[PDB]
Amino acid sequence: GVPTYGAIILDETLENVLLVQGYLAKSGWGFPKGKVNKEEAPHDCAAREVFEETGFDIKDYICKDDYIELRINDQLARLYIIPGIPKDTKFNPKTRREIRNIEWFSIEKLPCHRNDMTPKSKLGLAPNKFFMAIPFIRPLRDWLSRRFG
């Protein structure tokens, strides 16, 4: 799959993270990210996708070694970690045709797994609007503990 790049933006308290909500297949909440273009560097793709989805330019804040990368179904997603962005920042996507809404969420309240259906003796996982964000949550919490503590 084509690699994706984007950001985990945190506020100044390190409490909250910025998520975006798309439409249709992308209808839940997730970190801002998207597919790398031909010959485009990872940092440039992250900034481009993040500015397209949120209107905030991370270019001056990216740190090369500060990211979480996950491979999910043989597609690689790398989110650069961007702390210290004020919660009163005005975020506005490029077009509302791709992004419904943009919100801060408390890290400690976000799930780091979906719930099973063991109450119903049924296999699988219950729907969860944070599905796309969930895989990054435990790694982010561990990364923040190691880097700030």
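In this text, residue numbers run from 1 along the sequence as written. Note that the rigid core is defined as the largest set of C-alphas that superpose within 1.5 Å between two forms.
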Higher-deviation segment by CA RMS in 9 other deposited structures of this protein, core fitted, 89-97 or 39-47: 89-97
Greater mean Cα temperature factor according to the PDB record, 62-70 or 116-124: 116-124
88-96 set against 44-52, stretch whose average Cα temperature factor tops the other in the entry: 88-96
Of the residues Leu110, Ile102, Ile81, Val36, the one carrying the largest Cα B-factor as recorded: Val36
Third of the chain's Cα B-factor distribution that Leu144 belongs to, per the entry: middle
Among modelled residues of the same chain, the CA temperature factor third for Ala133: lowest
